[PDB]
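*Asks:* Following this message is one structure expressed as structure tokens.
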Amino acid sequence: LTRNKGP
Amino acid sequence: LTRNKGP
Amino acid sequence: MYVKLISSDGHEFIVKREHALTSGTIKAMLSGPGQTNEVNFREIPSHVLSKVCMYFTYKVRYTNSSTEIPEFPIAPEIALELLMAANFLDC
Amino acid sequence: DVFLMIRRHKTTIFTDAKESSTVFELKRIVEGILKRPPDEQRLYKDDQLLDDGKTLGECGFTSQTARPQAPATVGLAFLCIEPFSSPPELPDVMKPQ
Amino acid sequence: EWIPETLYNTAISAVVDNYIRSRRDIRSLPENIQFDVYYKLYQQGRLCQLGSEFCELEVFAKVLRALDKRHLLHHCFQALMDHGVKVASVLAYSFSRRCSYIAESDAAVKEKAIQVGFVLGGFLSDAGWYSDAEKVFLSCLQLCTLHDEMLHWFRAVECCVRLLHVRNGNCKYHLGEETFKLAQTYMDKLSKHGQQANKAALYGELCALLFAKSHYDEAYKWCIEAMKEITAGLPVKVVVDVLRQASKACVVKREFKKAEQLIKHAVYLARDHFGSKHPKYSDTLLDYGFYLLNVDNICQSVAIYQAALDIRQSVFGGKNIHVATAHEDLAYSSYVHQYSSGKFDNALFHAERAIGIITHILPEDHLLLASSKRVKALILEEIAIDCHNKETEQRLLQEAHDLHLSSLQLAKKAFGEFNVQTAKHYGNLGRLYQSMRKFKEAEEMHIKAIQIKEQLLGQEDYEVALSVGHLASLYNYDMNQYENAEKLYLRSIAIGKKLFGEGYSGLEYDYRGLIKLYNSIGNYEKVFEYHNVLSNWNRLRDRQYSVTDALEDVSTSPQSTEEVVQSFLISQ
Amino acid sequence: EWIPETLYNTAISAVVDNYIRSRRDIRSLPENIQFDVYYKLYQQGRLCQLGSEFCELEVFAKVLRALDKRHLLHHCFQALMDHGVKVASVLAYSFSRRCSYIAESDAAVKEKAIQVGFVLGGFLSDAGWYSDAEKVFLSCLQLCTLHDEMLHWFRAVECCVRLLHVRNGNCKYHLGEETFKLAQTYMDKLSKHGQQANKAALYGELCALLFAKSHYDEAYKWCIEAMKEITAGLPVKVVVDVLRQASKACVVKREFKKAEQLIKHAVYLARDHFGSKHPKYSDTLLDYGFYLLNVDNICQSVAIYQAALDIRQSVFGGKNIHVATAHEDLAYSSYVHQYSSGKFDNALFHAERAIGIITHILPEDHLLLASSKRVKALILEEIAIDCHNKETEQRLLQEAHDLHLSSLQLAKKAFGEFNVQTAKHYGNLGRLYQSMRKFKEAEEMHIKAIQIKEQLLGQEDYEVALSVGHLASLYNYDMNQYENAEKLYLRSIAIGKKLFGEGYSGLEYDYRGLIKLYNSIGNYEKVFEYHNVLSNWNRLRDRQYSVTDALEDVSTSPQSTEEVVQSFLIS
Amino acid sequence: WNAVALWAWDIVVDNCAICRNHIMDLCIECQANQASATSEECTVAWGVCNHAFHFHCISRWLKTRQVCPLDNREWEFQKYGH
Ligand SMILES: [Zn+2]
Ligand SMILES: [Zn+2]
Ligand SMILES: [Zn+2]
Ligand SMILES: [Zn+2]
């Protein structure tokens, strides 16, 4: 878990 | 191959 | 106790009242100013209305029966005409 | 149980009686609606007279042929049984037209 | 306990069994018996005999008039289109031929042919065969175009508002823009001869056209005009549709206090009239689950997409657009909901299912594959980084690369290059490269997404900040460009609390990154400050969890239409 | 060479091209033309035009009277069921509804319907729609038991021998015994009136009913009773059926001398009358490959199953239970043949295809899924062992854990706890638990597997000895119970030598286990001996599998009927 | 007052959908190896979708797929029996 959810 | 075929 | 049923051909089909109350439309025939009661079925011929009355004895006898209910036989030559009478009588 | 209909000219009474029930009380059932004397009335299955003493099942009106969906018919005479109608005969289709 | 069969249903079985000798005298049966016979052909498995009896408009029009059992007609109709019988295409062609012949004939007969076209075209619009309902509606437009008087001008605009709907859902936006101008002519023409109609159905329909093209600033402008025209005499279906699109455009304008007022009433108004098992009420829930997905209420948004899918999974069969758009919405929401948990199994199933449906009922070059193939790619790019296998690591990232490139091509073909939807796929590319370790293009894609989105949406938005965090995590974790990553993190963190609050779910992925930027340089004093509020963020999550289903959140009769339509406008 | 088309074929294409206008007149054509018009609609891909007429009983009764082109009707019908129209369900229901309408009619019509019901129900039984052929035959049986005429009991058994065949393939065994008991009611009553009806096909069904429930002692009792009634005047289809079932019951009784002469005769007898591309011929091959797989003739057993599948993949379309049973049988044989190699890609494809067909056409709680799920699960647990990934190993074993316990419940619910299939599923769980690092559960499964296999079958049997070696391998390789594995390895080998000699392929897994048995406890003198025995087994194994394919083993006219039965009966 | 009360789990499906045994009987795991030494703790577990299964069966199912077998929803236990 590094980045956020996709737009 | 440590066993035989399935019946 | 009995309901006098006449067909388009003038046939007489007197059946017990509890059998004839299965169909909704006949219940409307027996209600209102209609209340042996004479009922007019000028559009329903006698050959299809006989099978309607056979269903009434079949319907009432087979209510909540535990055994496997046999299917009501409706012949191919009458099935289309009987279907229209089934809708109109709300049977 | 036995389910049957009676026809004289155009009448049809969808009454029922037990397999051991007799013609005597069946004939009195007719008097309930037809309001006519029972002794004058006579019934006719397949051109055959029925005695009032014998039961309905003794004359051949067994439960196997008296189902509610396909009741067995018996004529009534005070025979002029009027057929209901001829249903529209569907084309055989498979037969060459 | 073994109730006897009805004489009606017994005669239906006998008539159906006698189909060959009576396949044409059934067409002479009453309206309500024709459907029950043709339903029994579906129930018995006689789809081949039924398919040849719904491809004829002469008998299918009588089936369409059975409004009580329309929920059964949608599932029989979908059964044949799955079966292989192109019922929608044939009915479009059977009505295209009919309109030309009646065009020369009497105008009174043309009125009957137009009314049949609205019922058939409206059904194919309800069933989701938009490309096949546009042809029906275009044919109805030709009949109204030929005559120019007061009687046929009401139908001509009615054709155009219906034709606008079957193009917004079909992603034919380049034709939907001009068909409002054609509709604009008839509104002025009707207004010239002392007559006023309702513009709510037409103004609010293009609100989806502008929303789909990501012209959110222009979409909100037309929502205000749509809300002006709402009156007491409009049908519930019209009022639900304009409340749905008003809520959708209010969300992307980042004012969620007014979108909730419009979508809670829309959910109640659709449920009160159409019931809980209606495809229109299911349409409301997807827009209601679109609101809850964009207000960080994801836990209450999966239960709404799952409820909206179950209506469209039962009213409509498989291989349908309405059960596909319900999958691709739920596949995204389950991906978002299970983003921290990592359980991308239900979300992947709802993503592969929507892929297998669109590729069957829509062409390869359709725009609805842009959203469907994107959601599958987001789930795939997170499954591979979650598993600990090497061969599947390269395959899943490569396969997810094909979809994002394909999703970009279809988006670029329709939305152009400088568009929010096209820039939205750019941010997905940037996250794709970070996992696939192509950092050279990751910074370009992330900054390209930021450039376009800030240029049009603005510098203060929810969408623009999410792409910033994707770039901020790129600089921090691997690129080690801490001098400008920290600025990016503070930009997204500050705006997240302003828009949603301190309990926004995206702040955790920004807190973890920004702490890692500080531990990497040795500054341990500021780290303790965030760990003092990261636990507060977890503490705030405990109180804000409060999983109550949003279906009963709308309750029974909160307000009426008049209060809701004015509360959105008085506050405006 | 550009041969012009026949005017018949040219006129087929012209009528088919104008089908919609003339669809009423085609129904009045001769049956040979009418089938050819309908077959052209299938060839053109117009399944909706074709399927809207096959849903009618009268039209389908006309195309069923073309007996020579049944290999095309079985392929149009299967393509219709895959197309999405339930023609088998409609025709079974349309016949039963029409059959019940002539109960009060005369016996002249009531015998024509039974003729229609035997060519229709016999077609659906041949096509694999046992749940729908049973509904046809129950209506035919109801016609026979209304008028008690002399001919009617002759036909009521003829229903009850086909009503019993459509319940054996549908795994309605608990209705199967009720059917045979009902069959004797009209069989005894017919025998009273000076007419001994031939009890050859009826007794042959119990040779498959009781074999399916693994009542091998009871099945062989009716195996003898069936072949005592074989007469040269019987139909070949009836005769071939008994020889297949007798061969199936003889092999499981651990006797092979009598079994080979029956099935090899049956393979030739089916190849003569029917041909090499007939469903009945493929039925023999699956029963013929049942012989070869059990008698360790494994190399040619794959080809027989592949030959059987190729017949069924052509006659019986894509998704049929007869194709599925050929897939699940070939997948198991490909599992057995490629077990030494360790590569399972063709075997897994067939096993996955079999379940992909059965789950599509049959309910998820049906007994034929027990055999198909078992075959794939044996393949799944052996793919994961051969691969090196731990995550795949921990997932495919659990994926195969789902199938065996799902399969076990299907066998336990239907066959009961104490039966060979239930015990045979325990032995697969014994293999399964051994490979899932749950060693203590693998032992208690094998003990339960043996104590059931040893009880009903007997002390010396193929099935019990095959699972002892797994228990012996468990005590030897991993849980280090070397004192108990010594007697089990010898017990498995002694039974294997008794029924198969030194050519049994499972001795390699037993000799290698014996080598591992002594390398950890001592007595290195026997290690050299058993390695020599393994060496002796190695070159003796390369002496018999090189025999030619078993398809031509039966040759042409090797023996004759009414002589193979007598040769079997005396021995 | 002596009284007799039949206790049962209040599910109406009354059949596990993984093992396919009765919901009141043992699961196929506990009915195959030890039905007396393991039957006492073979309990049932519900879910948010209100589809109770055998706890052994539902855990064995979750070891492969993370969804409810009947309806493909995210699976989360709401209550157990103990
Ligand atoms: Zn079709
Ligand atoms: Zn269970
Ligand atoms: Zn358990
Ligand atoms: Zn569930």
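We name chains A, B, ... following the order of the structure tokens; residues begin at 1 in each chain, and ligands are numbered from 1 as shown.
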Counting only C-alpha atoms, what is within 12 Å of residue 136 of chain E, bar same-chain residues fewer than 6 positions away, as a ChimeraX atom specification?
*Replies:* /E:57,88-100,113-125,129-130,142-143,159-160,162-163,166
*Asks:* May I have the residues within 6 Å of segment 15-28 of chain D as a list in words, using only C-alpha atoms and disregarding those fewer than 6 positions away in the same chain?
*Replies:*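 Final neighbour list, sorted by chain and number: residues 1, 2, 3, 52, 54, 55, 56 and 57 of chain D.
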*Asks:* Can those selected residues be exported to a file as a PDB file, in the first residue's frame so that it contains N, CA, C and O atoms?
*Replies:*
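Result saved to out-v4.pdb:
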ATOM      1  N   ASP D   1     -65.057 -41.008  -4.228  1.00  0.00           N
ATOM      2  CA  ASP D   1     -66.177 -40.142  -4.577  1.00  0.00           C
ATOM      3  C   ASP D   1     -66.492 -40.248  -6.066  1.00  0.00           C
ATOM      4  O   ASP D   1     -65.637 -40.628  -6.864  1.00  0.00           O
ATOM      5  N   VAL D   2     -67.727 -39.914  -6.431  1.00  0.00           N
ATOM      6  CA  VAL D   2     -68.200 -39.995  -7.809  1.00  0.00           C
ATOM      7  C   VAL D   2     -68.750 -38.633  -8.205  1.00  0.00           C
ATOM      8  O   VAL D   2     -69.631 -38.092  -7.524  1.00  0.00           O
ATOM      9  N   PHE D   3     -68.234 -38.083  -9.299  1.00  0.00           N
ATOM     10  CA  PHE D   3     -68.714 -36.831  -9.868  1.00  0.00           C
ATOM     11  C   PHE D   3     -69.336 -37.122 -11.226  1.00  0.00           C
ATOM     12  O   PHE D   3     -68.708 -37.764 -12.074  1.00  0.00           O
ATOM     13  N   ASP D  52     -83.465 -48.050  -8.789  1.00  0.00           N
ATOM     14  CA  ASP D  52     -83.188 -47.153  -7.675  1.00  0.00           C
ATOM     15  C   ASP D  52     -82.519 -47.866  -6.507  1.00  0.00           C
ATOM     16  O   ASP D  52     -81.830 -47.216  -5.714  1.00  0.00           O
ATOM     17  N   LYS D  54     -80.062 -50.264  -6.497  1.00  0.00           N
ATOM     18  CA  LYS D  54     -78.625 -50.471  -6.615  1.00  0.00           C
ATOM     19  C   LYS D  54     -77.869 -49.153  -6.492  1.00  0.00           C
ATOM     20  O   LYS D  54     -78.391 -48.076  -6.795  1.00  0.00           O
ATOM     21  N   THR D  55     -76.622 -49.251  -6.040  1.00  0.00           N
ATOM     22  CA  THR D  55     -75.791 -48.082  -5.814  1.00  0.00           C
ATOM     23  C   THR D  55     -75.283 -47.513  -7.138  1.00  0.00           C
ATOM     24  O   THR D  55     -75.376 -48.140  -8.197  1.00  0.00           O
ATOM     25  N   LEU D  56     -74.748 -46.292  -7.064  1.00  0.00           N
ATOM     26  CA  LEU D  56     -74.187 -45.649  -8.249  1.00  0.00           C
ATOM     27  C   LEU D  56     -72.959 -46.393  -8.756  1.00  0.00           C
ATOM     28  O   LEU D  56     -72.767 -46.529  -9.970  1.00  0.00           O
ATOM     29  N   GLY D  57     -72.116 -46.879  -7.845  1.00  0.00           N
ATOM     30  CA  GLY D  57     -70.937 -47.627  -8.245  1.00  0.00           C
ATOM     31  C   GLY D  57     -71.226 -49.010  -8.788  1.00  0.00           C
ATOM     32  O   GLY D  57     -70.373 -49.575  -9.480  1.00  0.00           O
TER      33      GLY D  57
END
*Asks:* Give me the residues within 6 Å of segment 37-50 of chain G as a PDB file with N, CA and C atoms, in the first residue's frame, counting only C-alpha atoms and dropping any in the same chain fewer than 6 places off.
*Replies:*
ATOM      1  N   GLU G  76     -18.679 -10.810   5.431  1.00  0.00           N
ATOM      2  CA  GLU G  76     -18.287 -10.356   6.756  1.00  0.00           C
ATOM      3  C   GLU G  76     -19.206 -10.994   7.782  1.00  0.00           C
ATOM      4  N   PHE G  77     -18.620 -11.682   8.758  1.00  0.00           N
ATOM      5  CA  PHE G  77     -19.406 -12.331   9.796  1.00  0.00           C
ATOM      6  C   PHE G  77     -20.095 -11.296  10.674  1.00  0.00           C
ATOM      7  N   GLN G  78     -21.347 -11.573  11.040  1.00  0.00           N
ATOM      8  CA  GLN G  78     -22.061 -10.731  11.989  1.00  0.00           C
ATOM      9  C   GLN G  78     -22.278 -11.391  13.341  1.00  0.00           C
ATOM     10  N   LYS G  79     -22.405 -12.715  13.389  1.00  0.00           N
ATOM     11  CA  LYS G  79     -22.549 -13.419  14.655  1.00  0.00           C
ATOM     12  C   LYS G  79     -22.164 -14.876  14.463  1.00  0.00           C
ATOM     13  N   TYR G  80     -21.802 -15.517  15.567  1.00  0.00           N
ATOM     14  CA  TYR G  80     -21.458 -16.930  15.614  1.00  0.00           C
ATOM     15  C   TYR G  80     -22.374 -17.618  16.624  1.00  0.00           C
TER      16      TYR G  80
END
*Asks:* Quick one: residues within 10 Å of ligand 2, with only C-alpha atoms and all ligand atoms, as a count of residues only?
*Replies:* 31
*Asks:* Distance limit 6 Å, reference ligand 4, atoms considered: only C-alpha atoms and all ligand atoms. Which residues make the cut? Give them as a PyMOL selection string.
*Replies:* chain G and resi 49+51+68+70-71
*Asks:* Using only C-alpha atoms and all ligand atoms, which residues have at least one atom no more than 7 Å from ligand 1? Output them as a list in words.
*Replies:*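 Using only C-alpha atoms and all ligand atoms, everything at most 7 Å from ligand 1 comes to residues 47, 48, 51, 83, 84 and 85 of chain E; 47, 48, 51, 83, 84 and 85 of chain F.
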*Asks:* Please report as a VMD selection string which residues of chain A come no farther than 6 Å from chain E, using only C-alpha atoms.
*Replies:* chain A and resid 3 to 4 6 to 7
*Asks:* List as a PDB file with N, CA, C and O atoms, in the first residue's frame the protein and nucleic acid residues near segment 63-71 of chain C, meaning an atom at most 10 Å away when only C-alpha atoms are counted, but skip any in the same chain fewer than 3 places from it.
*Replies:*
ATOM      1  N   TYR C  58     -63.705 -29.455 -10.369  1.00  0.00           N
ATOM      2  CA  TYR C  58     -62.296 -29.805 -10.232  1.00  0.00           C
ATOM      3  C   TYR C  58     -61.576 -28.849  -9.289  1.00  0.00           C
ATOM      4  O   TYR C  58     -60.715 -29.273  -8.510  1.00  0.00           O
ATOM      5  N   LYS C  59     -61.907 -27.558  -9.349  1.00  0.00           N
ATOM      6  CA  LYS C  59     -61.248 -26.583  -8.485  1.00  0.00           C
ATOM      7  C   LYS C  59     -61.610 -26.800  -7.023  1.00  0.00           C
ATOM      8  O   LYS C  59     -60.727 -26.896  -6.164  1.00  0.00           O
ATOM      9  N   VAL C  60     -62.908 -26.900  -6.724  1.00  0.00           N
ATOM     10  CA  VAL C  60     -63.360 -26.931  -5.336  1.00  0.00           C
ATOM     11  C   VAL C  60     -62.956 -28.235  -4.660  1.00  0.00           C
ATOM     12  O   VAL C  60     -62.539 -28.244  -3.496  1.00  0.00           O
ATOM     13  N   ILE C  74     -57.542 -29.869 -21.208  1.00  0.00           N
ATOM     14  CA  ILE C  74     -58.155 -28.883 -22.089  1.00  0.00           C
ATOM     15  C   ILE C  74     -57.708 -29.207 -23.506  1.00  0.00           C
ATOM     16  O   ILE C  74     -56.541 -28.993 -23.854  1.00  0.00           O
TER      17      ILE C  74
ATOM     18  N   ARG D  67     -64.071 -38.718 -12.635  1.00  0.00           N
ATOM     19  CA  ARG D  67     -63.199 -37.669 -12.138  1.00  0.00           C
ATOM     20  C   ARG D  67     -63.876 -36.306 -12.287  1.00  0.00           C
ATOM     21  O   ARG D  67     -64.680 -36.105 -13.202  1.00  0.00           O
ATOM     22  N   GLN D  69     -62.722 -33.468 -13.308  1.00  0.00           N
ATOM     23  CA  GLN D  69     -62.349 -32.810 -14.553  1.00  0.00           C
ATOM     24  C   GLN D  69     -62.981 -33.454 -15.779  1.00  0.00           C
ATOM     25  O   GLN D  69     -63.237 -32.755 -16.764  1.00  0.00           O
TER      26      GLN D  69
ATOM     27  N   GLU E   1     -50.701 -25.748   0.179  1.00  0.00           N
ATOM     28  CA  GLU E   1     -50.355 -27.150  -0.022  1.00  0.00           C
ATOM     29  C   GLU E   1     -51.010 -27.702  -1.283  1.00  0.00           C
ATOM     30  O   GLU E   1     -52.118 -28.238  -1.229  1.00  0.00           O
ATOM     31  N   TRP E   2     -50.311 -27.559  -2.411  1.00  0.00           N
ATOM     32  CA  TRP E   2     -50.759 -28.056  -3.714  1.00  0.00           C
ATOM     33  C   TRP E   2     -52.120 -27.469  -4.093  1.00  0.00           C
ATOM     34  O   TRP E   2     -53.126 -28.170  -4.197  1.00  0.00           O
ATOM     35  N   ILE E   3     -52.135 -26.152  -4.279  1.00  0.00           N
ATOM     36  CA  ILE E   3     -53.330 -25.446  -4.735  1.00  0.00           C
ATOM     37  C   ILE E   3     -53.571 -25.839  -6.191  1.00  0.00           C
ATOM     38  O   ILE E   3     -52.607 -26.116  -6.921  1.00  0.00           O
ATOM     39  N   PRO E   4     -54.821 -25.948  -6.639  1.00  0.00           N
ATOM     40  CA  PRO E   4     -55.065 -26.264  -8.050  1.00  0.00           C
ATOM     41  C   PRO E   4     -54.616 -25.142  -8.971  1.00  0.00           C
ATOM     42  O   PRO E   4     -54.619 -23.964  -8.606  1.00  0.00           O
ATOM     43  N   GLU E   5     -54.224 -25.528 -10.181  1.00  0.00           N
ATOM     44  CA  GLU E   5     -53.841 -24.552 -11.190  1.00  0.00           C
ATOM     45  C   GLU E   5     -55.059 -23.771 -11.665  1.00  0.00           C
ATOM     46  O   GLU E   5     -56.163 -24.312 -11.765  1.00  0.00           O
ATOM     47  N   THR E  10     -54.063 -22.885 -16.932  1.00  0.00           N
ATOM     48  CA  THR E  10     -54.180 -24.198 -17.557  1.00  0.00           C
ATOM     49  C   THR E  10     -54.492 -24.067 -19.042  1.00  0.00           C
ATOM     50  O   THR E  10     -53.981 -24.837 -19.863  1.00  0.00           O
TER      51      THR E  10
ATOM     52  N   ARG F  97     -48.139 -34.176 -22.075  1.00  0.00           N
ATOM     53  CA  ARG F  97     -49.443 -33.524 -22.072  1.00  0.00           C
ATOM     54  C   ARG F  97     -50.364 -34.134 -23.119  1.00  0.00           C
ATOM     55  O   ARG F  97     -51.546 -34.378 -22.851  1.00  0.00           O
ATOM     56  N   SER F 100     -51.422 -37.800 -22.049  1.00  0.00           N
ATOM     57  CA  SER F 100     -52.463 -37.879 -21.033  1.00  0.00           C
ATOM     58  C   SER F 100     -53.850 -37.575 -21.578  1.00  0.00           C
ATOM     59  O   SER F 100     -54.834 -37.777 -20.861  1.00  0.00           O
TER      60      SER F 100
END
*Asks:* Can you check which residues of chain C DSSP gives as helix (DSSP H, G or I) on the backbone and send them as a PyMOL selection string?
*Replies:* chain C and resi 17-20+24-30+32-34+46-61+76-88
*Asks:* Go through E:44, E:519, E:294, E:282 one by one, measure the shortest atom-to-atom distance of each to residue 250 of chain E using only C-alpha atoms, and give the residue with the smallest value.
*Replies:*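 Using only C-alpha atoms, residue 250 of chain E sits closest to E:294.
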*Asks:* For segment 29-44 of chain D, work out the shell of residues within 7 Å, counting only C-alpha atoms and skipping chain neighbours fewer than 6 positions away, then give it as a CSV table (one decimal) with N, CA and C atoms, in the first residue's frame.
*Replies:*
chain,number,residue,atom,x,y,z
D,50,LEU,N,-81.7,-47.9,-15.0
D,50,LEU,CA,-81.1,-48.1,-13.7
D,50,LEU,C,-82.1,-48.2,-12.6
D,74,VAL,N,-74.8,-39.1,-17.7
D,74,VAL,CA,-76.0,-40.0,-17.7
D,74,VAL,C,-77.2,-39.2,-18.2
D,75,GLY,N,-78.0,-39.8,-19.0
D,75,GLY,CA,-79.2,-39.2,-19.6
D,75,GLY,C,-80.3,-39.2,-18.6
D,76,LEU,N,-81.3,-38.3,-18.9
D,76,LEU,CA,-82.5,-38.1,-18.0
D,76,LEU,C,-83.7,-38.1,-19.0
D,77,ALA,N,-84.7,-38.9,-18.6
D,77,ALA,CA,-86.0,-38.9,-19.3
D,77,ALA,C,-87.1,-38.7,-18.4
D,78,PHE,N,-88.1,-38.0,-18.9
D,78,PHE,CA,-89.3,-37.7,-18.1
D,78,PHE,C,-90.4,-38.8,-18.4
*Asks:* Go through chain G and collect every residue that DSSP, computed from the backbone, puts in strand (DSSP E or B); the answer should be as a list in words.
*Replies:*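 Secondary structure check on chain G, strand (DSSP E or B): residues 15, 22, 44, 45, 53, 54, 67 and 74 of chain G.
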*Asks:* As a PDB file with C-alpha atoms, in the first residue's frame, could you give me every residue of chain G near chain E (at most 8 Å apart, counting only C-alpha atoms)?
*Replies:*
ATOM      1  CA  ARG G  65     -12.603 -16.989  -2.425  1.00  0.00           C
ATOM      2  CA  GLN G  66     -13.614 -13.978  -0.325  1.00  0.00           C
ATOM      3  CA  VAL G  67     -17.329 -13.843  -1.233  1.00  0.00           C
ATOM      4  CA  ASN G  72     -21.476 -12.580  -4.744  1.00  0.00           C
ATOM      5  CA  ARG G  73     -21.123  -9.985  -1.998  1.00  0.00           C
ATOM      6  CA  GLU G  74     -18.236  -9.126   0.282  1.00  0.00           C
TER       7      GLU G  74
END
*Asks:* Using only C-alpha atoms, which residues sit within 10 Å of segment 515-518 of chain E once same-chain residues fewer than 3 positions away are excluded, as an MDAnalysis selection string?
*Replies:* chainID E and resid 473 475:477 480:483 485:486 489 510:512 521:531
*Asks:* With N, CA and C atoms retained, write the just-selected residues as a compact mmCIF listing (two decimals), in the first residue's frame.
*Replies:*
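As a result, result_19.txt now contains:
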# COMPACT_ATOMS: atom_id res chain seq x y z
N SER E 473 3.40 10.70 -4.09
CA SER E 473 3.92 9.40 -3.72
C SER E 473 4.99 8.90 -4.68
N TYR E 475 7.33 10.91 -6.22
CA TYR E 475 8.56 11.59 -5.84
C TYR E 475 9.12 11.04 -4.53
N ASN E 476 8.25 10.77 -3.56
CA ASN E 476 8.70 10.45 -2.22
C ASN E 476 9.28 9.04 -2.14
N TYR E 477 8.46 8.03 -2.46
CA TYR E 477 8.84 6.65 -2.18
C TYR E 477 10.02 6.19 -3.02
N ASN E 480 12.72 10.11 -4.69
CA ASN E 480 13.50 10.80 -3.66
C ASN E 480 13.63 12.30 -3.93
N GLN E 481 12.64 12.88 -4.61
CA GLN E 481 12.62 14.32 -4.85
C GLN E 481 11.80 15.00 -3.75
N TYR E 482 12.42 15.05 -2.57
CA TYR E 482 11.72 15.52 -1.38
C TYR E 482 11.51 17.03 -1.37
N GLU E 483 12.26 17.78 -2.19
CA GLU E 483 12.17 19.24 -2.15
C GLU E 483 10.83 19.75 -2.66
N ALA E 485 8.10 17.21 -3.32
CA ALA E 485 7.06 16.27 -2.92
C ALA E 485 6.33 16.76 -1.67
N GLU E 486 7.06 17.35 -0.72
CA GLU E 486 6.44 17.83 0.50
C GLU E 486 5.43 18.94 0.22
N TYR E 489 2.31 17.15 -1.01
CA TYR E 489 1.57 16.49 0.06
C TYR E 489 0.75 17.49 0.86
N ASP E 510 -1.68 9.95 2.37
CA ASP E 510 -0.82 11.13 2.34
C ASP E 510 -0.03 11.31 3.63
N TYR E 511 -0.61 10.92 4.77
CA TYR E 511 0.13 10.98 6.03
C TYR E 511 1.29 9.99 6.03
N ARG E 512 1.05 8.77 5.57
CA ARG E 512 2.11 7.76 5.54
C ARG E 512 3.24 8.18 4.61
N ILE E 521 14.87 12.02 5.82
CA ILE E 521 15.83 13.10 6.00
C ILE E 521 16.30 13.25 7.44
N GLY E 522 15.77 12.45 8.36
CA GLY E 522 16.20 12.48 9.74
C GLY E 522 15.41 13.39 10.66
N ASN E 523 14.47 14.17 10.12
CA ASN E 523 13.68 15.07 10.95
C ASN E 523 12.65 14.28 11.75
N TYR E 524 12.98 13.92 12.98
CA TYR E 524 12.12 13.10 13.82
C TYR E 524 11.18 13.90 14.70
N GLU E 525 11.34 15.22 14.76
CA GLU E 525 10.46 16.04 15.59
C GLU E 525 9.08 16.22 14.97
N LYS E 526 9.01 16.43 13.65
CA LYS E 526 7.73 16.59 12.98
C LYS E 526 7.01 15.25 12.81
N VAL E 527 7.76 14.15 12.79
CA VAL E 527 7.16 12.82 12.68
C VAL E 527 6.27 12.53 13.87
N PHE E 528 6.72 12.88 15.08
CA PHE E 528 5.92 12.66 16.27
C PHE E 528 4.63 13.47 16.24
N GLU E 529 4.64 14.63 15.58
CA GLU E 529 3.42 15.41 15.44
C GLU E 529 2.37 14.68 14.60
N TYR E 530 2.79 14.07 13.49
CA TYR E 530 1.84 13.35 12.65
C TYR E 530 1.38 12.06 13.31
N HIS E 531 2.29 11.34 13.97
CA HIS E 531 1.88 10.15 14.71
C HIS E 531 0.97 10.50 15.88
*Asks:* Set the distance at 10 Å and use only C-alpha atoms: which residues neighbour residue 53 of chain E once local chain neighbours fewer than 5 positions away are removed? I'd like the list as JSON, numbers by chain.
*Replies:* {"E": [23, 24, 27, 38, 41, 47, 48, 58, 59, 60, 87]}
*Asks:* Select, as a short mmCIF file (atom, residue, chain, number, x, y, z; two decimals) with C-alpha atoms, in the first residue's frame, those residues of chain D with any atom no more than 8 Å from chain C (distances computed using only C-alpha atoms).
*Replies:*
data_model
loop_
_atom_site.label_atom_id
_atom_site.label_comp_id
_atom_site.auth_asym_id
_atom_site.auth_seq_id
_atom_site.Cartn_x
_atom_site.Cartn_y
_atom_site.Cartn_z
CA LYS D 10 -80.32 -29.22 -22.27
CA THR D 11 -80.00 -29.32 -18.47
CA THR D 12 -76.78 -30.37 -16.77
CA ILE D 13 -76.51 -30.83 -12.99
CA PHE D 14 -72.93 -31.04 -11.71
CA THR D 15 -73.73 -32.98 -8.54
CA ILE D 33 -83.57 -28.23 -8.37
CA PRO D 68 -64.24 -34.04 -11.48
CA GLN D 69 -62.35 -32.81 -14.55
CA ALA D 70 -63.91 -35.47 -16.84
CA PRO D 71 -67.26 -36.38 -15.26
CA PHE D 84 -73.24 -28.71 -26.72
CA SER D 85 -71.53 -27.53 -29.93
CA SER D 86 -68.90 -28.49 -32.45
CA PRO D 87 -65.58 -26.88 -31.49
CA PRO D 88 -63.72 -25.24 -34.39
CA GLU D 89 -61.79 -28.10 -35.96
CA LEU D 90 -58.15 -27.09 -36.22
#
